[PDB]
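A short worksheet on the structure shown next.
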Amino acid sequence: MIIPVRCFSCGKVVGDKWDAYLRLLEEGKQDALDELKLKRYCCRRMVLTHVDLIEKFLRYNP
Amino acid sequence: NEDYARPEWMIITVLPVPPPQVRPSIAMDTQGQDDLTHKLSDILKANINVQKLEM
Amino acid sequence: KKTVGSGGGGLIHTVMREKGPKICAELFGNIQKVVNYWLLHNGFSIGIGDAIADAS
Amino acid sequence: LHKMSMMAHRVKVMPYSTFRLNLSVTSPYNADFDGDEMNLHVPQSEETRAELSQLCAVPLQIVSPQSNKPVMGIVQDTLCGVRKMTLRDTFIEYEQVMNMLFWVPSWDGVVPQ
Amino acid sequence: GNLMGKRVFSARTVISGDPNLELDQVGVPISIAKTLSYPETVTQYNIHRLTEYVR
Amino acid sequence: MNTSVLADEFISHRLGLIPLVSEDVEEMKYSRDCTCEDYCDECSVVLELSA
Amino acid sequence: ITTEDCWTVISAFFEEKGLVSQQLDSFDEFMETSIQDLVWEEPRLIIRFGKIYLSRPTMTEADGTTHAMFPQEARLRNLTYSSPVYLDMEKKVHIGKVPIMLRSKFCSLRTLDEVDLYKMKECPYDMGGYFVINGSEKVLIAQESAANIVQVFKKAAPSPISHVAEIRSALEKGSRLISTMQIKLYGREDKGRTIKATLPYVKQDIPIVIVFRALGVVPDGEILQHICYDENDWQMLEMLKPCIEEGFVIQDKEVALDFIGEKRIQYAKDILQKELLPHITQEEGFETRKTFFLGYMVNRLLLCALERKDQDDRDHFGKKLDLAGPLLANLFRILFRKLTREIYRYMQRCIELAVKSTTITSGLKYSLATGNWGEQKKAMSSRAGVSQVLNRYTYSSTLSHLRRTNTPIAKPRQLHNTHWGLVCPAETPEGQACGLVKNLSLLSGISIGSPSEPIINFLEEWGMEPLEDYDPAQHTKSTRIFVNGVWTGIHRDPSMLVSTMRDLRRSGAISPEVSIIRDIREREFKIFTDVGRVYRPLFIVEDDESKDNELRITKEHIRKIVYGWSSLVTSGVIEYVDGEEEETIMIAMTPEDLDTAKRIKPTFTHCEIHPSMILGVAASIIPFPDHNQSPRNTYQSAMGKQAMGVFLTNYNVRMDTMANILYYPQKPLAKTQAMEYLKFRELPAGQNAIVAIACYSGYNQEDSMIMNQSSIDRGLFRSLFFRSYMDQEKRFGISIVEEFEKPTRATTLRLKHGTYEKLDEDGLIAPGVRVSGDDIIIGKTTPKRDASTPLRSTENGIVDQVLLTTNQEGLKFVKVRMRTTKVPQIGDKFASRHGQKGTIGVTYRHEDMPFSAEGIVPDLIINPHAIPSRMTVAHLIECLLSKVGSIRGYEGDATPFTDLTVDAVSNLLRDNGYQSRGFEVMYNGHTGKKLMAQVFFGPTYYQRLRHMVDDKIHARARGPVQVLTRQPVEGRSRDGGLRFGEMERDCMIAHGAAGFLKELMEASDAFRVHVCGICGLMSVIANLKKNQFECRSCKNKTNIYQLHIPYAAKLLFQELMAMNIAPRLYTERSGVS
Amino acid sequence: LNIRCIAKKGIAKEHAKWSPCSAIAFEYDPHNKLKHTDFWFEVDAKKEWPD
Amino acid sequence: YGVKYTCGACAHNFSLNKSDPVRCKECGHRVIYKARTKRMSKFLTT
Ligand SMILES: [Zn+2]
Ligand SMILES: [Zn+2]
Ligand SMILES: [Zn+2]
Ligand SMILES: [Zn+2]
């Protein structure tokens, strides 16, 4: 259901960071968050917990 | 009590039929009739035939 | 609880009896307002740590 | 099931979609805030009102006839904290002893030695 | 069902306590106050205020 | 027009959060003080988006 | 094989069975087989029936051929996902439309794969198992005392009877009589003790002796032959003595069948060949067999009246579930049988086609639609509940709903021992029906219905000397064997008969579903094929180690997992143990095993796949359910079915009334290994909120919580809300149709208050339109009286999708869907997964919020007070764990009984930087000064339960009044008014609040009636103008009074009168006092 | 998907979509000398509480 | 320019009125949505 712009908790942006993350996994085989600059758990949990449904929604036709 | 309730009246001769506010009808803008507005008619009909067997 | 609860000796039970419905009814809000405020600043909590027993 | 399951209150129109009641008047109705709902009725005659304020006012109800003792005390936070604040170890300095006296509405306007 | 107790100028919603309300108050959502009324006869003490409330 | 699987106001939200420049934000006026019915260059920034 | 291994096995399970096995498995059994046996039994008519055809989904509509139908459509168009039925009738033929079960076999879904489905718009994740009648998704609910079994009950001190044994009997296939056998035992434990039994249709009772001679056994001792199996048991025999004397007066089969009142004697026989213990068989030449039963019965009676066997355990789950498949059965018959004797009338008029295949189509629909099995007609004497409206609040909601059980109405509600493994201990509704509604564990499954003979045969050819010819003394300790409740002879040395059948099942030559129990301690052999026996799976132990002392399964089978669950069973590595068989096995918990932190832990035949499998859908999502007060888990077990999330992905193409989607979901920071099969990680029920258990403004008091506005804005816990008002264009066989237009004036007036302007000329809105207040959503007319639909008064939003469509009757079908984003508000309810429910009291922002040096601030602030007495500690743990999983990126396991401890996690949290217990320093958002205390600050999962304030807030002052009563109307939706019921009366009366209470009148009823000063009645013809008052019959116009009473009461009286009682109303006391 | 946005001034009070802050660290007197706190502990505050 | 109803699958702009049947320029599947509005909808960014 898409990535959440900015973290609820503190506010730091986080929209861009989605692809960077989902990438540093598939390839660089990796911590990811830490380098993506996601320090304190508030924003941490943001990314590390997103379940991107939009993908499946997108699998629908018209 | 000879005035208000005599033993005999425990048997009904002439039946008191209650009015609309009692057994309102609910039309769909189509029929729509209350429950009692039926067993009154069921009774009414069971009365008609009776008499038409005694004449 | 013993000194300010819905109890017998209750400072409340007493303030009602001695001052009246009104005075005592106000008494709540005050004892409240002061305390609630204070707590707002002194803080208070609970966590698993409150439920663990000494090592031995 | 109580004489106190119904009490007359002073109306305070406020925002947001909910009946906002005082804590100490919690146990009489026996409510909590996990979703609990409350019914409100509005007097209509000049006496109807009076009858509501002279016998059903919450203040008149503080001492319950069923157990000849009050029936509303200080719950949760206020209680728990009132305890702390009392200990010999609990001390407060001027800056706060002031903002504290201010919160008491009836305050005589005199800071105690 | 209908006599010893009936549905009756009434409202109901969700409660949440407020630590800044005199013991005897009860915060009512604007919405509700703007719904429930109170028949106050016109009197030379409140005419002025009423004619305002009405406008 | 919007055929995305996301709803109108869902995207609407999103953009509310997208960070815009605000350097010389101080030399702009609050739509509430600007004497223009609704909005204008002197108090707003309009944007387009086609996908 | 370690613990972490058993998981792959379980994975192996769902890869093959799937969460809804039961439903489907039981359906196919009705279609495939059952359905046939039913049509072929008492068919042939003085015209026979043969094989029957069951085609796939079809839609026979006038103005089109027969469109091959699909789920997602019938849904939108409100149709019926059923197919045709044909039968090779003898002198090919159509007979009814059968509602298929989604995801079954005749349902196209059964095959289509991932991509395949996405195209049918059908959400892949939908596990199906439900029917789709007239639109809405209907779920058949399991209905839980088994039959054909012997029970012995002690009957209270006050009763002419001591003990009694019963056996409910019914033909498993054929009519199915419901007449039970009573083998009483008069004479209390004292008086100088006979034995009499009750037979079907017999007025009084008969003394067992006669029942025997009347059967075919005429001499004594030959009678005692059958009852007692040990000439050296004088006690029992003694008991029988007095009984023999009872019948000593009837000395043969002639008289035997007589005393049962040439005309009478003949009837005697009947009640013995078709009524007496009718199971076994109602043939003829088997008299002998029934006799050994009535003997085995009279035995069971005494076996207790002599304190050797307890009174039968009424709630031993093993001896108690009619799933979907079965239901259609007993239902179909009731139907096809009315068709049977219907086809009999056409044949009884032809003094020289007819089969109305609508009784099997429409009959089926009625039931499945409402929930009333038994027909329709003047027969409400049925059961409502069967078949409901499938939940769609959340995914875990739907799963749960399907895995549900019922139980027609202080001991049953209990969680029995027998319940272990088969039913979830926690998930079960509060109040009302509590314990009468059970949910299945993850591993449980229901039997289906195998065949007896391939095992009856397989027996009387491996040591089973048939009952027919029995000799109690030559065969002393002869272990008697039963088959589905029938006695098919005994067996000599059984030890082997046993460990042969058991070897037969493990290779898979006697269905893994059958039950075989050996009760040495009584010498008997239980055989069960039955349909409705709950069973679970276990690892087999067998001391089969010529290398030691061990689970047949090994780490080679594991890593080997063309190797399904079907093979794990075809190799005798796992067994299906029903509740009955369970009784005689020994189960080991932890496979392996069987530190000053973990919980202290205290012949084997089987091991437990995993203890955390005794849980069902509900608890499976609860973190550390093994750390909370059980009664709490039971609550969360309910609130889950009320949180928000995603119930399917196709939702964007669904036209269902009400549905909610949480803007942004979030799989939990802590999870159950079980969640993996509950697709929970892909369909979460909540978000991970940055909790903070502390006191603050004092607005988080009494279960009300503080929620950080700031993040509420960044979209936290926001959710979309859908709705679908729908309408049709009714017609009449008499060409008079309705209309969908944008009506105004035009001679009628019959119109609404709101606006119609947002209505294009097609009588519809566009999907862009922002509707509100009451705005007419649809425009319809009746030839101009209005039938247009208005947006519910409390609501509003935006139109989201309109659609026009045909009806079977070529009518204009149109549904409308409205969307709205719902924002969390100072009142909406929330809760974690620990019965830790609470509503919003206020909302502060970041500044106002308390905080920690890091910056991190709470999203939620719940009160420390909701912890001490709730006892739910796991809550406290999920937080800690999740505060680590937050920092570590690794998923935090909270799963049930594992090897994770509070001491451990705390060490992991110290490696990252924060206090080993969670607590953190915080500075009061208003002053910046530190908090004298520390707080339990840590990320915890929170479900946003439905129930938002603005859907409840209601206030009324003189609104729509009722008709009959004239009092207000009920419900907030119809603008009703809150009731001032009795209890509210009482109080006011306690207050002595006389007037206010009187003010029952001003705020409700009230009414001016005109009484007669003479016959105190409401007769008076008061024409209120010309004053004329009157009341002929009493002929008055002068003495009349007016009164003010509650119309409900005016009515009380009119009512009493029409019942002939006269409530006279008098305005003056005459009786004095 | 076709939009058209209009941006405006405003602040974090009016809405979070404004405040440019987003998390802010704050600490003082790391060694509790002012005693504005009472450390929780099982045996030793100092060892159990991160420096 | 202009559109009335659409089809649940082969999203092809149709357009009809009373009695003109309720199907599509091919696919029998008699569904059909009533395509968006012309009058723009205005939203708030909160
Ligand atoms: Zn953050
Ligand atoms: Zn401007
Ligand atoms: Zn009269
Ligand atoms: Zn088409």
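Residues in the structure tokens are numbered from 1 in each chain, the chains being A, B, ... in the order shown, and ligands are numbered from 1 in the order shown.
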Could you give me, as a PDB file with C-alpha atoms, in the first residue's frame, every polymer residue with an atom at most 6 Å away from an atom of ligand 1, counting only C-alpha atoms and all ligand atoms?
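Written file, result36.pdb:
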```pdb
ATOM      1  CA  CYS A   7       8.069   8.990   9.492  1.00  0.00           C
ATOM      2  CA  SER A   9       6.919   9.527  14.956  1.00  0.00           C
ATOM      3  CA  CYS A  10       9.671  12.124  14.289  1.00  0.00           C
ATOM      4  CA  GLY A  11       8.975  13.463  10.810  1.00  0.00           C
ATOM      5  CA  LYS A  12      12.098  12.688   8.755  1.00  0.00           C
ATOM      6  CA  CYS A  42      10.874   5.596  15.185  1.00  0.00           C
ATOM      7  CA  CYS A  43      11.785   6.014  11.550  1.00  0.00           C
TER       8      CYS A  43
END
```
Once you count only C-alpha atoms and all ligand atoms, which residues end up within 12 Å of ligand 2, and could you hand them over as a PDB file with N, CA and C atoms, in the first residue's frame?
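Written out: out-v2.pdb:
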```
ATOM      1  N   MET F  28       6.782  35.911   1.142  1.00  0.00           N
ATOM      2  CA  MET F  28       5.512  35.468   0.561  1.00  0.00           C
ATOM      3  C   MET F  28       4.448  35.747   1.637  1.00  0.00           C
ATOM      4  N   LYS F  29       3.182  35.817   1.249  1.00  0.00           N
ATOM      5  CA  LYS F  29       2.153  36.083   2.239  1.00  0.00           C
ATOM      6  C   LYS F  29       1.164  34.954   2.442  1.00  0.00           C
ATOM      7  N   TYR F  30       0.593  34.922   3.639  1.00  0.00           N
ATOM      8  CA  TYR F  30      -0.396  33.913   3.976  1.00  0.00           C
ATOM      9  C   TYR F  30      -1.659  34.210   3.160  1.00  0.00           C
ATOM     10  N   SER F  31      -2.157  33.214   2.435  1.00  0.00           N
ATOM     11  CA  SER F  31      -3.360  33.390   1.632  1.00  0.00           C
ATOM     12  C   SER F  31      -4.428  34.147   2.395  1.00  0.00           C
ATOM     13  N   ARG F  32      -4.407  34.045   3.720  1.00  0.00           N
ATOM     14  CA  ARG F  32      -5.390  34.731   4.546  1.00  0.00           C
ATOM     15  C   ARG F  32      -5.221  36.248   4.567  1.00  0.00           C
ATOM     16  N   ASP F  33      -4.009  36.737   4.334  1.00  0.00           N
ATOM     17  CA  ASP F  33      -3.793  38.177   4.360  1.00  0.00           C
ATOM     18  C   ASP F  33      -3.791  38.799   2.979  1.00  0.00           C
ATOM     19  N   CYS F  34      -3.492  37.994   1.967  1.00  0.00           N
ATOM     20  CA  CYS F  34      -3.458  38.477   0.585  1.00  0.00           C
ATOM     21  C   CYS F  34      -4.844  38.916   0.102  1.00  0.00           C
ATOM     22  N   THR F  35      -4.933  40.116  -0.466  1.00  0.00           N
ATOM     23  CA  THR F  35      -6.216  40.635  -0.931  1.00  0.00           C
ATOM     24  C   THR F  35      -6.773  40.006  -2.199  1.00  0.00           C
ATOM     25  N   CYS F  36      -6.389  38.771  -2.496  1.00  0.00           N
ATOM     26  CA  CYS F  36      -6.894  38.128  -3.698  1.00  0.00           C
ATOM     27  C   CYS F  36      -7.900  37.049  -3.366  1.00  0.00           C
ATOM     28  N   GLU F  37      -9.031  37.073  -4.048  1.00  0.00           N
ATOM     29  CA  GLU F  37     -10.050  36.068  -3.835  1.00  0.00           C
ATOM     30  C   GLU F  37      -9.401  34.710  -4.159  1.00  0.00           C
ATOM     31  N   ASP F  38      -9.255  33.845  -3.154  1.00  0.00           N
ATOM     32  CA  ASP F  38      -8.661  32.493  -3.296  1.00  0.00           C
ATOM     33  C   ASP F  38      -7.121  32.371  -3.262  1.00  0.00           C
ATOM     34  N   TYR F  39      -6.428  32.667  -4.369  1.00  0.00           N
ATOM     35  CA  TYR F  39      -4.954  32.579  -4.396  1.00  0.00           C
ATOM     36  C   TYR F  39      -4.300  33.331  -5.550  1.00  0.00           C
ATOM     37  N   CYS F  40      -2.969  33.355  -5.564  1.00  0.00           N
ATOM     38  CA  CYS F  40      -2.236  34.024  -6.641  1.00  0.00           C
ATOM     39  C   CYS F  40      -0.720  33.881  -6.494  1.00  0.00           C
ATOM     40  N   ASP F  41       0.017  34.392  -7.485  1.00  0.00           N
ATOM     41  CA  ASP F  41       1.483  34.332  -7.500  1.00  0.00           C
ATOM     42  C   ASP F  41       2.065  34.989  -6.259  1.00  0.00           C
ATOM     43  N   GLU F  42       1.426  36.059  -5.801  1.00  0.00           N
ATOM     44  CA  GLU F  42       1.895  36.794  -4.636  1.00  0.00           C
ATOM     45  C   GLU F  42       1.731  36.063  -3.306  1.00  0.00           C
ATOM     46  N   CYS F  43       1.101  34.891  -3.312  1.00  0.00           N
ATOM     47  CA  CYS F  43       0.952  34.140  -2.063  1.00  0.00           C
ATOM     48  C   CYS F  43       0.900  32.614  -2.224  1.00  0.00           C
ATOM     49  N   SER F  44       1.013  32.132  -3.464  1.00  0.00           N
ATOM     50  CA  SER F  44       0.991  30.691  -3.714  1.00  0.00           C
ATOM     51  C   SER F  44       1.886  30.205  -4.857  1.00  0.00           C
ATOM     52  N   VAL F  45       2.103  28.899  -4.860  1.00  0.00           N
ATOM     53  CA  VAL F  45       2.911  28.235  -5.863  1.00  0.00           C
ATOM     54  C   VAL F  45       2.056  27.104  -6.444  1.00  0.00           C
ATOM     55  N   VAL F  46       1.791  27.177  -7.741  1.00  0.00           N
ATOM     56  CA  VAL F  46       0.980  26.168  -8.399  1.00  0.00           C
ATOM     57  C   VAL F  46       1.880  25.135  -9.032  1.00  0.00           C
TER      58      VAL F  46
ATOM     59  N   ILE H   6      -1.456  23.446  -5.207  1.00  0.00           N
ATOM     60  CA  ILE H   6      -1.337  24.839  -4.793  1.00  0.00           C
ATOM     61  C   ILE H   6      -0.691  24.815  -3.414  1.00  0.00           C
ATOM     62  N   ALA H   7       0.482  25.426  -3.281  1.00  0.00           N
ATOM     63  CA  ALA H   7       1.182  25.392  -1.994  1.00  0.00           C
ATOM     64  C   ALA H   7       0.931  26.701  -1.286  1.00  0.00           C
ATOM     65  N   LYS H   8       1.074  26.710   0.037  1.00  0.00           N
ATOM     66  CA  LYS H   8       0.830  27.923   0.814  1.00  0.00           C
ATOM     67  C   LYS H   8       1.763  27.968   2.019  1.00  0.00           C
ATOM     68  N   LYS H   9       1.807  29.119   2.692  1.00  0.00           N
ATOM     69  CA  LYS H   9       2.688  29.288   3.847  1.00  0.00           C
ATOM     70  C   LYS H   9       2.381  28.315   4.967  1.00  0.00           C
TER      71      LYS H   9
END
```
Kindly provide, as number ranges by chain, the residues of chain I having any atom no farther than 12 Å from an atom of chain H, counting only C-alpha atoms. I: 40-46
Residues of the last selection are to be written out with N, CA, C and O atoms, as a PDB file, in the first residue's frame.
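Generated file (result.pdb):
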```pdb
ATOM      1  N   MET I  40     -14.322  19.255 -11.823  1.00  0.00           N
ATOM      2  CA  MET I  40     -13.182  18.926 -10.977  1.00  0.00           C
ATOM      3  C   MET I  40     -13.513  18.859  -9.488  1.00  0.00           C
ATOM      4  O   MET I  40     -14.369  19.589  -8.987  1.00  0.00           O
ATOM      5  N   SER I  41     -12.823  17.951  -8.801  1.00  0.00           N
ATOM      6  CA  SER I  41     -12.963  17.746  -7.366  1.00  0.00           C
ATOM      7  C   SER I  41     -11.757  18.385  -6.692  1.00  0.00           C
ATOM      8  O   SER I  41     -10.626  18.182  -7.101  1.00  0.00           O
ATOM      9  N   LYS I  42     -12.003  19.160  -5.653  1.00  0.00           N
ATOM     10  CA  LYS I  42     -10.928  19.851  -4.958  1.00  0.00           C
ATOM     11  C   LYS I  42     -10.607  19.219  -3.588  1.00  0.00           C
ATOM     12  O   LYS I  42     -11.514  18.987  -2.771  1.00  0.00           O
ATOM     13  N   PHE I  43      -9.319  18.960  -3.336  1.00  0.00           N
ATOM     14  CA  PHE I  43      -8.883  18.364  -2.073  1.00  0.00           C
ATOM     15  C   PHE I  43      -7.969  19.212  -1.189  1.00  0.00           C
ATOM     16  O   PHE I  43      -7.348  20.176  -1.636  1.00  0.00           O
ATOM     17  N   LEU I  44      -7.899  18.805   0.077  1.00  0.00           N
ATOM     18  CA  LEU I  44      -7.097  19.445   1.116  1.00  0.00           C
ATOM     19  C   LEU I  44      -5.904  18.529   1.417  1.00  0.00           C
ATOM     20  O   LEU I  44      -6.029  17.296   1.397  1.00  0.00           O
ATOM     21  N   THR I  45      -4.759  19.125   1.720  1.00  0.00           N
ATOM     22  CA  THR I  45      -3.555  18.343   1.957  1.00  0.00           C
ATOM     23  C   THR I  45      -3.284  17.838   3.365  1.00  0.00           C
ATOM     24  O   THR I  45      -2.114  17.650   3.722  1.00  0.00           O
ATOM     25  N   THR I  46      -4.331  17.605   4.161  1.00  0.00           N
ATOM     26  CA  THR I  46      -4.144  17.104   5.533  1.00  0.00           C
ATOM     27  C   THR I  46      -4.788  15.735   5.707  1.00  0.00           C
ATOM     28  O   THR I  46      -5.357  15.182   4.764  1.00  0.00           O
TER      29      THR I  46
END
```
Point out the residue among E:48, E:11, E:4, E:19 with the least atom-to-atom distance to chain C, counting only C-alpha atoms.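 Closest candidate: E:19.
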Neighbours of ligand 4 at 6 Å or closer, counting only C-alpha atoms and all ligand atoms: which residues, as an MDAnalysis selection string? chainID I and resid 7 10 24:27
Export of prior selection with N, CA, C and O atoms as a PDB file, in the first residue's frame:
```pdb
ATOM      1  N   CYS I   7     -16.761  -0.608 -19.417  1.00  0.00           N
ATOM      2  CA  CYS I   7     -16.945  -2.046 -19.167  1.00  0.00           C
ATOM      3  C   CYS I   7     -15.976  -2.568 -18.105  1.00  0.00           C
ATOM      4  O   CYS I   7     -14.817  -2.155 -18.066  1.00  0.00           O
ATOM      5  N   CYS I  10     -12.853  -4.909 -20.678  1.00  0.00           N
ATOM      6  CA  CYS I  10     -12.388  -4.218 -21.874  1.00  0.00           C
ATOM      7  C   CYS I  10     -12.853  -2.781 -21.748  1.00  0.00           C
ATOM      8  O   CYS I  10     -13.806  -2.366 -22.411  1.00  0.00           O
ATOM      9  N   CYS I  24     -22.167  -4.748 -23.965  1.00  0.00           N
ATOM     10  CA  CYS I  24     -21.037  -3.975 -24.462  1.00  0.00           C
ATOM     11  C   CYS I  24     -20.719  -4.274 -25.938  1.00  0.00           C
ATOM     12  O   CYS I  24     -21.166  -5.287 -26.480  1.00  0.00           O
ATOM     13  N   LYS I  25     -19.958  -3.381 -26.579  1.00  0.00           N
ATOM     14  CA  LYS I  25     -19.577  -3.534 -27.991  1.00  0.00           C
ATOM     15  C   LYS I  25     -18.691  -4.761 -28.196  1.00  0.00           C
ATOM     16  O   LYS I  25     -17.633  -4.674 -28.819  1.00  0.00           O
ATOM     17  N   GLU I  26     -19.139  -5.895 -27.660  1.00  0.00           N
ATOM     18  CA  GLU I  26     -18.439  -7.172 -27.748  1.00  0.00           C
ATOM     19  C   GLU I  26     -18.767  -8.008 -26.508  1.00  0.00           C
ATOM     20  O   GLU I  26     -19.860  -8.574 -26.405  1.00  0.00           O
ATOM     21  N   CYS I  27     -17.824  -8.072 -25.571  1.00  0.00           N
ATOM     22  CA  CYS I  27     -18.000  -8.834 -24.335  1.00  0.00           C
ATOM     23  C   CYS I  27     -19.438  -8.782 -23.841  1.00  0.00           C
ATOM     24  O   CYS I  27     -19.974  -7.705 -23.564  1.00  0.00           O
TER      25      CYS I  27
END
```
What does the list of residues within 10 Å of ligand 3 look like if you count only C-alpha atoms and all ligand atoms, written as a PyMOL selection string? chain G and resi 1011-1020+1030-1037+1039-1040+1064
Expected file contents, prior selection, N, CA, C and O atoms, as a compact mmCIF listing (two decimals), in the first residue's frame:
```txt
# COMPACT_ATOMS: atom_id res chain seq x y z
N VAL G 1011 -62.81 10.85 27.99
CA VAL G 1011 -63.51 9.83 28.74
C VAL G 1011 -64.97 10.18 28.88
O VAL G 1011 -65.38 11.28 28.54
N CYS G 1012 -65.75 9.23 29.38
CA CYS G 1012 -67.18 9.41 29.64
C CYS G 1012 -67.32 9.51 31.16
O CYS G 1012 -66.66 8.79 31.92
N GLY G 1013 -68.15 10.43 31.62
CA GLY G 1013 -68.33 10.57 33.04
C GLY G 1013 -69.07 9.37 33.61
O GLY G 1013 -69.01 9.13 34.82
N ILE G 1014 -69.76 8.62 32.76
CA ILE G 1014 -70.52 7.45 33.20
C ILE G 1014 -69.78 6.14 32.91
O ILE G 1014 -69.16 5.58 33.81
N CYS G 1015 -69.84 5.61 31.69
CA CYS G 1015 -69.08 4.39 31.44
C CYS G 1015 -67.68 4.91 31.18
O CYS G 1015 -67.38 5.41 30.09
N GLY G 1016 -66.83 4.82 32.21
CA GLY G 1016 -65.47 5.34 32.11
C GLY G 1016 -64.66 4.86 30.93
O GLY G 1016 -63.65 4.17 31.12
N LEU G 1017 -65.06 5.22 29.71
CA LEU G 1017 -64.36 4.77 28.53
C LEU G 1017 -63.90 5.86 27.59
O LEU G 1017 -64.26 7.03 27.76
N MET G 1018 -63.12 5.46 26.59
CA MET G 1018 -62.59 6.36 25.59
C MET G 1018 -63.49 6.32 24.38
O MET G 1018 -63.03 6.24 23.24
N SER G 1019 -64.79 6.38 24.63
CA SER G 1019 -65.79 6.32 23.58
C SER G 1019 -66.04 7.64 22.92
O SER G 1019 -65.93 7.78 21.70
N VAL G 1020 -66.43 8.59 23.76
CA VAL G 1020 -66.74 9.96 23.37
C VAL G 1020 -66.38 10.39 21.95
O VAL G 1020 -65.24 10.34 21.52
N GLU G 1030 -71.00 14.18 23.01
CA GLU G 1030 -71.67 12.88 22.96
C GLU G 1030 -70.92 11.62 23.41
O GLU G 1030 -69.79 11.64 23.88
N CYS G 1031 -71.61 10.51 23.18
CA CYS G 1031 -71.20 9.14 23.46
C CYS G 1031 -72.50 8.35 23.53
O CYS G 1031 -72.90 7.86 24.59
N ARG G 1032 -73.19 8.26 22.39
CA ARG G 1032 -74.42 7.50 22.33
C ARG G 1032 -74.12 6.13 22.94
O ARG G 1032 -72.95 5.79 23.19
N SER G 1033 -75.15 5.34 23.20
CA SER G 1033 -74.92 4.04 23.80
C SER G 1033 -74.93 4.27 25.30
O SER G 1033 -75.27 3.40 26.10
N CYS G 1034 -74.53 5.49 25.65
CA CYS G 1034 -74.49 5.94 27.02
C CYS G 1034 -75.23 7.26 26.92
O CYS G 1034 -75.48 7.94 27.91
N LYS G 1035 -75.58 7.60 25.68
CA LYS G 1035 -76.29 8.84 25.34
C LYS G 1035 -76.00 9.98 26.30
O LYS G 1035 -76.75 10.26 27.24
N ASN G 1036 -74.89 10.66 26.04
CA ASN G 1036 -74.45 11.76 26.86
C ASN G 1036 -73.90 12.83 25.94
O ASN G 1036 -73.56 12.55 24.80
N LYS G 1037 -73.84 14.06 26.42
CA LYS G 1037 -73.32 15.19 25.64
C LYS G 1037 -73.02 16.24 26.69
O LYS G 1037 -72.46 17.30 26.39
N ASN G 1039 -72.02 15.30 30.57
CA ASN G 1039 -70.95 14.97 31.52
C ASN G 1039 -69.75 14.28 30.83
O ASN G 1039 -69.73 13.07 30.61
N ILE G 1040 -68.74 15.08 30.52
CA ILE G 1040 -67.57 14.58 29.83
C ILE G 1040 -66.28 15.20 30.35
O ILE G 1040 -66.24 16.38 30.68
N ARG G 1064 -62.41 0.92 33.18
CA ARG G 1064 -63.15 2.16 33.36
C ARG G 1064 -62.25 3.20 33.98
O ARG G 1064 -61.51 2.93 34.93
```
Report as a tab-separated table the residues of chain D within 12 Å of chain H, each with its shortest atom pair and distance in Å (one decimal), using only C-alpha atoms, ordered by chain and increasing residue number.
```
residue	atom	partner	partner_atom	distance
D:89	CA	H:38	CA	11.7
D:90	CA	H:38	CA	11.7
D:91	CA	H:36	CA	11.6
D:92	CA	H:36	CA	11.3
```
Report, in Å with one decimal, the straight-line distance from CA of residue 27 in chain B to CA of residue 962 in chain G. 14.8 Å
Pick out the closest residue to chain B from this set: G:535, G:1053, G:7, G:293. Count only C-alpha atoms. G:1053
Can you list, as an NGL selection string, every protein, DNA or RNA residue that comes within 12 Å of residue 30 in chain H when you count only C-alpha atoms, leaving out same-chain residues fewer than 2 positions away? (:G and (853 or 921 or 930)) or (:H and (26-28 or 32-37 or 46 or 49-51))
Counting only C-alpha atoms, a student should be able to say which residues of chain G come within 8 Å of chain B; what is the right answer, written as a PyMOL selection string? chain G and resi 963-964+1051+1054-1055+1057-1060
